[PDB]
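Protein chains: 2
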Amino acid sequence: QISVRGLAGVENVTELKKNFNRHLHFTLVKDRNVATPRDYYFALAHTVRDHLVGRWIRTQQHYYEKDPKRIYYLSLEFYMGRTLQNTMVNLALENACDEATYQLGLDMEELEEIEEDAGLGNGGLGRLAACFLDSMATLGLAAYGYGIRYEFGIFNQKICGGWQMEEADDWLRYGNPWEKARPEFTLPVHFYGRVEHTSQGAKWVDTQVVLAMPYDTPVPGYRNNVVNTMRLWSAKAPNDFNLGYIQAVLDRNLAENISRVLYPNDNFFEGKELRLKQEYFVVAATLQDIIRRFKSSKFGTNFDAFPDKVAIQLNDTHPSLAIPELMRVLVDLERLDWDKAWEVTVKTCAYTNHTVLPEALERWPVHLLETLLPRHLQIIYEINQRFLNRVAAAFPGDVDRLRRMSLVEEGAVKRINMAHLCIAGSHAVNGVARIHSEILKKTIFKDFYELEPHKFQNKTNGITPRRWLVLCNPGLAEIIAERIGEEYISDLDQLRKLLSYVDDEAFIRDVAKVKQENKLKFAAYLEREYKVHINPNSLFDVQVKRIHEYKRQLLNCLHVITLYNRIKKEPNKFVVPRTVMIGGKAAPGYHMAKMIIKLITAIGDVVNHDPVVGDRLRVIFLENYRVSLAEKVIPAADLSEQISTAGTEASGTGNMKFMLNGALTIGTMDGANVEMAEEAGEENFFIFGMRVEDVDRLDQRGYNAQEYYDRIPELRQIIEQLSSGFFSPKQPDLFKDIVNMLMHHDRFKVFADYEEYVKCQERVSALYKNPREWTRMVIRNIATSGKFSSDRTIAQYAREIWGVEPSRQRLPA
Amino acid sequence: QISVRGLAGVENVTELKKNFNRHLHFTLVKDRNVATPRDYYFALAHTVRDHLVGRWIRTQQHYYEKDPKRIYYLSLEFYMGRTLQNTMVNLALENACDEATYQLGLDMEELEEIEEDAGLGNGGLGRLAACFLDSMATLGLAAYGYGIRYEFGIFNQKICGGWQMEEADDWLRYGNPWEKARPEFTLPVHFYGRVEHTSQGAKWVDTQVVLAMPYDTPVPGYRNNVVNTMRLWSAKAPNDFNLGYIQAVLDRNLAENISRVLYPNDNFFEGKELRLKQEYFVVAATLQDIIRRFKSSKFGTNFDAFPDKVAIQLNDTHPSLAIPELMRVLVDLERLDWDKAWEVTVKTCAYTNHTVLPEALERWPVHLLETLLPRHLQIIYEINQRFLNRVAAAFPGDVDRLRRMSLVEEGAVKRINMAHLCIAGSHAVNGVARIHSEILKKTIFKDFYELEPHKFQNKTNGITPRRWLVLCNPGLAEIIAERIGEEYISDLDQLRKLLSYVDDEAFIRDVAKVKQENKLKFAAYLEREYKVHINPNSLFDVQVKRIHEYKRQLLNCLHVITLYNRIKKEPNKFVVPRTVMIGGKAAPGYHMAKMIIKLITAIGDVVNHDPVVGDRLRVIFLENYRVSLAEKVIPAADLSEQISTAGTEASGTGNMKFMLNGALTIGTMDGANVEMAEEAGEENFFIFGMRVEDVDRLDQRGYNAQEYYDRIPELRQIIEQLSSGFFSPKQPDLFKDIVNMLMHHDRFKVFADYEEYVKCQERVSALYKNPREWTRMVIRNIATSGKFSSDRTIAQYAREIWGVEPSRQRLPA
Ligand SMILES: CC1(C)C=C[C@]2(C(=O)O)CC[C@]3(C)C(=CC[C@@H]4[C@@]5(C)C[C@@H](O)[C@H](O)C(C)(C)[C@@H]5CC[C@]43C)[C@@H]2C1
Ligand SMILES: CC1(C)C=C[C@]2(C(=O)O)CC[C@]3(C)C(=CC[C@@H]4[C@@]5(C)C[C@@H](O)[C@H](O)C(C)(C)[C@@H]5CC[C@]43C)[C@@H]2C1
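Top to bottom, those sequences are chains A and A'. A prime marks a further copy of an entry chain. Reading the first sequence from the start, the letters are residues 12 to 254, 261 to 317, 324 to 836 in PDB author numbering. Reading the second sequence from the start, the letters are residues 12 to 254, 261 to 317, 324 to 836 in PDB author numbering.
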């Protein structure tokens with residue numbers, strides 16, 4: 012049908028159709044008279060999965076022969092989304108299967124919509140991992156994704172009377188065609204017990220055993236025949252478990274709870290024991306697998328070559344226990360002396376920090392570690408002690424530095440700072456955008472940077488152009504391909520060539536037309552699936568991301584109410600019509616975040632039913648935001664909101680998704696926004712609000728919100744409406760908490776940016792009135808988004824941290 | 012290789028080999044360099060399963076077209092054992108796959124040994140169900156097996172210092188290739204709640220919902236292309252379950274515990290709530306499925328035809344709740360009047376009693392039923408009341424009859440007698456052997472028989488000749504086939520033709536040779552898998568079945584000790600050498616049964632290491648007795664022990680397995696022993712001990728064990744040895760409980776049969792000295808075992824209870 016989707020070549024179409032029928036019959040045990048669309052999905056899924064395995068086997072074959080350095084990406088989250096289309100695309104099968112399914116009387120797109128999201132993550136951190144795996148495969152790196160196979164992913168969000176309800180994401184109900192259970196490689200993991208000292212050294216004894224069973228999922232590279240592995244561990248009870262009888266068998270559930278459910282906190286730390294167990298579980302199983310693989314390799324007892332053969336990347340502090348666990352194995356099991364083991368550990372591990380928010384930082388209570396992991400606690404003390412000896416030696420007399428740098432935090436309950444552990448035990452520590460990396464150096468890890476400056480790097484985040492362009496936006500990918508060819512899909516810098524088309528009249532019409540189709544398509548998705556009626560000619564103003572105070576959905580809310588109040592004030596004035604879409608999940612415990620969601624719908628309730636407004640203003644809350652909903656809403660977006668207070672959003676990746684897809688960005692000078700504007704030029708970006716410097720200036724002086732309430736009558740009016748019950752007529756004081764927080768304890772200075780934000784929003788409206796100039800700015804954005812490809816990011820990790828060469832070369836089919 | 016295993020025909024062998032390689036590669040994602048025997052097993056398993064599905068689909072197709080009466084076999088137990096060989100045999104694939112696997116360099120027999128037993132039963136009751144399913148398929152009946160898919164079957168038995176240890180039977184670890192999950196047909200099951208009365212009638216409200224997910228396993232007929240279904244329900248939590262958040266997700270385990278584990282009691286009732294839940298769970302899910310299927314059928324709102332289209336067979340009282348549940352649906356949901364519903368229910372249900380032991384009878388406490396199933400309790404009272412009105416009317420004034428017959432038992436805690444429910448609500452009640460059926464009529468259900476004599480029948484149990492001859496004993500099947508052909512495999516009465524070979528010299532040599540090969544093979548299994556050394560020229564004296572007081576493993580123990588004491592008394596006298604093998608599992612709580620096991624090994628410890636004994640006497644305890652171990656030990660057996668006290672073993676099925684396989688039987692006139700001896704003639708059977716009449720005579724008089732201790736010096740000596748610590752030198756009084764029970768509270772009169780048993784054992788030894796005459800008696804046994812085929816049994820159920828015609832006709836391939 013369209014060029015980028017591949018060859019639909021007769022002999023391949025025939026082979027596909029017959030394998031579809033073979034799976035329908037033998038695998039699913041059905042026929043055409045009974046098969047539901049779900050059965051049809053599975054037949055396709057199994058048929059496509061078939062094409063993977065041959066390559067999967069020869070890829071792992073290759074790595075065995077060549078024995079290259081191996082990359083191990085440890086993450087507690089892998090937000091994969093759907094796998095079918097991504098697989099077809101990466102294999103060049105997309106038009107073949109479209110033809111095959113057409114000739115069978117099936118609509119492939121209808122089938123695609125049946126697949127559950129692998130929602131094994133919360134937001135940015137988890138999706139980054141997913142993007143990374145794709146880029147690592149595409150660059151032919153010998154890489155593995157290691158995590159946990161949660162039985163329940165991020166909860167499904169339902170809105171009831173404008174309130175969020177969580178329900179279990181039972182994503183495995185119908186089965187996962189993509190995974191292969193590998194029970195034969197199950198590994199023991201130990202908990203509790205105590206430490207015994209001998210002449211032979213320390214011994215960890217009297218432990219409970221939980222078994223860790225791996226599941227492998229194939230990770231296909233883009234058209235290169237590389238298929239890497241994502242290995243996810245599942246928790247199983249041993250067979251002599253507790254072994261009156263009935264109860265013994267039922268209590269097996271306690272061990273298996275470890276891998277039951279993903280913790281649903283985005284950028285927030287809850288010190289629960291179950292969470293610590295998940296963390297040790299993934300770390301212990303993964304390290305044995307790594308060591309096992311290292312010994313059984315075509316090479317040469325000798326752990327000196329270990330850092331030459333192994334890289335372990337820590338995705339935030341969640342797998343930080345890899346560090347003391349590696350020491351434990353090296354020292355206690357393999358009998359290496361402390362100092363050699365430590366050199367091996369440091370040269371093996373690297374750490375990626377994802378946030379500077381204090382409440383997101385993992386600080387584990389000592390007493391928890393003492394009970395659960397007594398040996399690791401000892402190792403931690405020993406690590407800490409030796410480290411402080413290095414600090415004392417470099418900065419003699421500096422006693423305050425000593426306590427500031429300690430891995431052990433004093434106070435009512437002693438804590439272990441896991442970020443500090445990671446810095447001390449890694450050869451590389453990186454931020455996820457230039458500004459965030461600088462903030463690490465200048466503020467929260469200043470002490471560590473002074474000690475070991477050579478350890479600190481930047482790796483600006485990226486996204487994958489396969490999922491985030493070719494897959495979710497075939498129309499835009501096609502029109503780009505018509506002009507510049509196809510090579511940009513694995514080399515996105517080539518989008519610069521599109522600058523020489525900024526004045527081309529046909530291309531302008533094409534860009535604007537693709538946007539309009541996406542908007543029509545999404546407006547139709549809203550109708551059929553949620554019975555909501557939007558005008559597709561309005562500006563699509565969207566903020567999608569996890570609900571959080573720092574992300575400032577509230578700032579958006581205030582602008583929305585302002586537009587509403589202006590319309591009501593002068594009903595017959597012309598205003599550029601908008602559809603404001605806000606979506607995202609709140610963590611179950613986060614009360615404030617739940618209130619914000621309630622507000623947004625409360626606003627929608629007043630605004631969407633005011634006849635005076637007409638179709639000039641609509642406020643819609645997007646239920647159950649997740650990867651596969653991002654794939655739909657992002658292509659449809661005109662305005663992207665990235666309005667976090669400066670200094671709080673480490674990078675952001677959504678921002679990049681909207682850039683790649685023809686939305687213009689309204690944002691603060693925060694995270695990767697700074698680099699995005701730098702790439703596109705500040706004239707092609709709606710930048711407003713305080714810079715990092717302005718925030719600090721405001722903090723020393725002290726932030727008084729009352730001041731803004733006093734001087735801005737439009738703001739005073741909104742605050743009065745909130746308090747008086749305008750948006751909650753039955754519960755007049757429903758929103759007292761929000762007003763109270765805004766006035767007296769607002770850590771994120773919503774008011775300080777209000778004026779500059781509303782004015783900047785007027786500038787956006789101005790540009791949208793001139794369709795041609797909007798689209799030319801859009802072209803300037805899309806054409807300079809090259810830098811934000813995860814291929815670039817990964818190539819940087821590969822060369823500057825792991826020491827391996829990215830290859831773009833095919834493997835034989 | 013051997014004739015009965017089918018055609019190994021070139022084109023089929025080629026097709027098999029290529030499908031093996033396809034599964035190894037695509038399904039298992041392996042290759043020849045990494046594949047372990049387990050992977051090889053799975054490749055075979057998937058390859059064989061492929062041949063089933065085509066037939067499975069056209070079988071269910073056929074039943075849809077023809078719409079015959081459907082048989083629903085409800086059981087809480089289906090003791091299936093292994094499925095691979097049974098599948099190959101029933102499909103005529105056995106030599107083809109042997110050839111195919113040979114040409115691939117694999118030993119098929121080694122592969123077969125990798126398959127786990129489906130140990131979803133305890134003993135006789137569960138294996139009967141398995142035999143039945145095979146016979147029902149073989150006779151082309153439109154039949155379904157309905158039960159629970161337990162995550163853990165009967166525990167694996169380990170012996171540690173001669174004591175039984177239970178460990179979890181984790182039979183699903185590597186997956187079950189045979190089942191197909193059918194999540195799309197999940198059904199709601201309700202618990203707790205309360206009853207609300209309206210004008211519209213009763214309403215069951217405020218219930219907890221547990222979901223029931225079906226798994227289908229194919230049941231192939233013998234060479235007839237019929238493939239029936241066994242549907243097993245699995246327990247799943249609903250998605251709004253409890254829906261702080263984490264705990265809500267973890268508590269989903271509570272709902273799913275229902276299908277977690279099989280209760281390990283053979284012939285014993287434990288009134289636990291979890292057990293009641295399993296019982297209602299299988300009953301509720303199964304009845305909705307039945308009703309659903311009935312409405313969606315090529316026929317015609325109208326439940327009058329229900330008994331013409333549906334038969335529900337209750338396997339013991341465990342699914343007895345089918346009766347009030349059917350009423351509930353009919354009355355409360357479909358709005359039929361009580362009397363019509365009741366007529367429909369009675370004509371639909373039939374009940375099979377499996378034991379007369381009082382402690383095996385299900386009597387549920389009212390308060391449990393009130394909380395868990397309040398509506399069913401009401402229905403039960405209403406059933407009871409109307410029934411007692413029929414009793415009062417037929418026997419006016421008989422007030423004691425009234426209370427004796429009540430479904431409701433008075434006393435400290437009120438109970439519901441489920442056997443009484445089953446009798447009242449079924450059109451047919453059957454015992455499982457002629458004597459047991461008579462006992463039902465004359466004693467425990469005498470009152471019910473007087474009221475409705477037409478309701479009581481016999482259906483003597485049977486076993487399947489496919490598993491129990493062709494599969495476990497190919498050598499014996501072959502030599503029979505040489506003489507009389509193959510038709511006997513689905514018409515076992517034809518074994519009578521073998522009587523005209525009782526004097527044939529070649530056949531005698533063949534029978535004795537097959538026995539000798541089986542004995543050599545089993546002696547080799549003992550060495551390699553358990554390092555135990557047996558003389559294969561000795562008499563193989565075996566008692567395998569669940570450990571129980573009534574089964575009288577103790578009587579055997581006493582004979583064993585007697586033989587030992589006689590040898591020791593006259594060391595240089597000749598004695599016919601024996602290997603005594605005893606095996607079977609004890610229920611975890613049953614303390615006595617565990618002591619018996621300990622004794623047997625304690626005896627082995629003294630006897631097996633006495634140099635004076637030599638290899639004349641060996642006592643071996645067979646660890647982990649289960650279906651696949653029965654398949655090995657039974658063909659190897661010379662003497663079969665069926666020595667339960669008369670009146671206690673309802674039928675027995677092991678007895679029949681040994682008869683079919685060339686063992687002679689030493690037994691009491693109990694259960695099916697009576698019919699076996701009748702078929703073979705009492706001269707061809709070692710019958711000893713009290714008859715039923717003699718037991719009753721002893722009971723009125725009163726059973727004084729002291730009397731036998733006083734008059735039999737050989738018995739006194741054994742009791743002194745037990746007490747003095749002869750078999751437990753470190754723990755002199757270890758066996759006080761057994762001696763004490765034997766002397767003062769022996770319900771099973773072990774001593775009363777001792778004299779007659781030992782003397783009869785001498786007669787067996789006498790015959791074994793004459794190899795030729797042994798084998799001729801063996802031939803007389805094997806040749807008259809026709810009656811004990813489950814095909815006969817099922818044909819009797821079909822014609823006399825269900826009203827359907829067994830067919831032997833093929834369906835097209
Ligand atoms: C070290 C062990 C025991 C545990 C972990 C393993 C791993 O690396 O993941 C498990 C998987 C295998 C068996 C493993 C190694 C190589 C094969 C291989 C690539 C071998 C190749 O000959 C074979 O031709 C193929 C089939 C390509 C295999 C694939 C499987 C692996 C990678 C290890 C085995
Ligand atoms: C009543 C329903 C909704 C629930 C229970 C069912 C049952 O009888 O087990 C579920 C299974 C199906 C769909 C069922 C009926 C027929 C098919 C069929 C035999 C139909 C035939 O055309 C089809 O050609 C085949 C494929 C032969 C099917 C097989 C499956 C069944 C038996 C019912 C469906």
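We put the CB at the ideal spot given by N, CA and C, even for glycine.
Within 8 Å, strictly: CB atoms of residue i and residue j
| i | j | result |
| --- | --- | --- |
| A'/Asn684 | A'/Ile657 | yes |
| A'/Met692 | A'/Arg714 | yes |
| A'/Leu293 | A'/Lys247 | no |
| A'/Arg457 | A'/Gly809 | no |
| residue 10 of chain A' | A'/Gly134 | Residue 10 of chain A' lies beyond the range of chain A' shown here (12 to 836); nothing can be said about it. |
| A/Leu131 | A/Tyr161 | yes |
| A'/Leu395 | A'/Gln96 | no |
When the options are compared against residue i, the one with the closest alpha-carbon
| i | options | result |
| --- | --- | --- |
| A'/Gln72 | A'/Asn239, A'/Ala107, A'/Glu121, A'/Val21 | A'/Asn239 |
| residue 5 of chain A' | A'/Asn595, A'/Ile623, A'/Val599, A'/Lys596 | The requested residue 5 of chain A' does not occur in the structure, where chain A' is confined to residues 12 to 836. |
| A'/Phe530 | A'/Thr209, A'/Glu348, A'/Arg799, A'/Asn595 | A'/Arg799 |
| A/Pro794 | A/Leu765, A/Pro497, A/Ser561, A/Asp638 | A/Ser561 |
| A'/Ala686 | A'/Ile643, A'/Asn541, A'/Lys169 | A'/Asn541 |
| A'/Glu823 | A'/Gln480, A'/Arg639, A'/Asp719 | A'/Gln480 |
| A/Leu745 | A/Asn588, A/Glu195, A/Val15, A/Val598 | A/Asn588 |
Residue i: CB within 7 Å of a non-hydrogen atom of ligand 1
| i | result |
| --- | --- |
| A/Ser245 | no |
| A'/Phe37 | no |
Heavy atom of ligand 3 within 7 Å of residue i beta-carbon
| i | result |
| --- | --- |
| A/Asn44 | Absence of ligand 3 is noted for the structure shown, with ligand 1 and ligand 2 being the only ligands found. |
Within chain A', the residues that residue i reaches when beta carbons sit closer than 9 Å
| i | result |
| --- | --- |
| A/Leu254 | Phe166, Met176, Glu177, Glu178, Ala179 |
| A/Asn239 | Ordered by position in chain A', no residue passes the 9 Å Cβ test against A/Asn239, which lies about 14 Å from the chain. |
| A/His36 | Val64, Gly65, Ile68 |
Proximal residues of chain A, C-beta to C-beta of residue i below 8 Å
| i | result |
| --- | --- |
| A'/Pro611 | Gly261, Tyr262 |
Beta-carbon neighbours of residue i, restricted to chain A and to distances below 7 Å
| i | result |
| --- | --- |
| A'/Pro48 | Correct list: empty, because the minimum Cβ distance to chain A is about 11 Å. |
Proximity test, residue i beta-carbon vs ligand 2 heavy atom, cut-off 7 Å
| i | result |
| --- | --- |
| A'/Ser313 | yes |
| A/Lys41 | yes |
| A'/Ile68 | yes |
| A'/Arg309 | yes |
Under 9 Å from the C-beta of residue i: neighbouring residues of chain A
| i | result |
| --- | --- |
| A'/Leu267 | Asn270, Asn274, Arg277, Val278, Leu291 |
| A'/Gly186 | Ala192, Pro194 |
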